[PDB]
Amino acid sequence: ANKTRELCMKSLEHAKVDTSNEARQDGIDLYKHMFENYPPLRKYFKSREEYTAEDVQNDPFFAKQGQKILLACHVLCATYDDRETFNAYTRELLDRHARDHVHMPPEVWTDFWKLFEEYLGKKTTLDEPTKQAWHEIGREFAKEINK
């Protein structure tokens, strides 16, 4: 519950979502990690599909997009202790991809939390309790997305 929320919130002090250049770069590096290490997910990215980490670094789109997804991870663990808000927000995340026809097999949402934890691991050293807490948010998000 609230200890999971607390351990997740603090590993997130290392990924900024403010206005600085730091945050713009943390949003970009996340997409660098998925494009260079999960190449199948690049195809859901409309005419950026054969992008490399390189191409991802200089396109202004990933600076904005990176901020959209880093804010959604920060919102899912600050709402974890109120499951009604947490579940409602996960449904809206689904609805917002469906809005724009980004339809994804339910096992890509599970792959995401393996990708996020690897990305944060480059940003800070996660200890086993914190890794444990991200697994639990990941697991619950995945069941909810699965309806």
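Heads up: residue numbers just count along the shown sequence, starting at 1.
When the C-alpha B-factors of 77-85 and 43-51 are averaged, 43-51 comes out higher.
Looking at mean Cα B-factors across 133-141 and 18-26, the upper value is held by 18-26. In the PDB entry, the Cα temperature factor peaks, among 33, 101, 114, 91, at 101. Split the chain's modelled residues into thirds by C-alpha temperature factor. Residue 62 is in the middle one. Sort the chain's modelled residues by C-alpha temperature factor and residue 95 lands in the middle third, per the entry. Sort the modelled residues of the chain by CA B factor and residue 70 lands in the lowest third.
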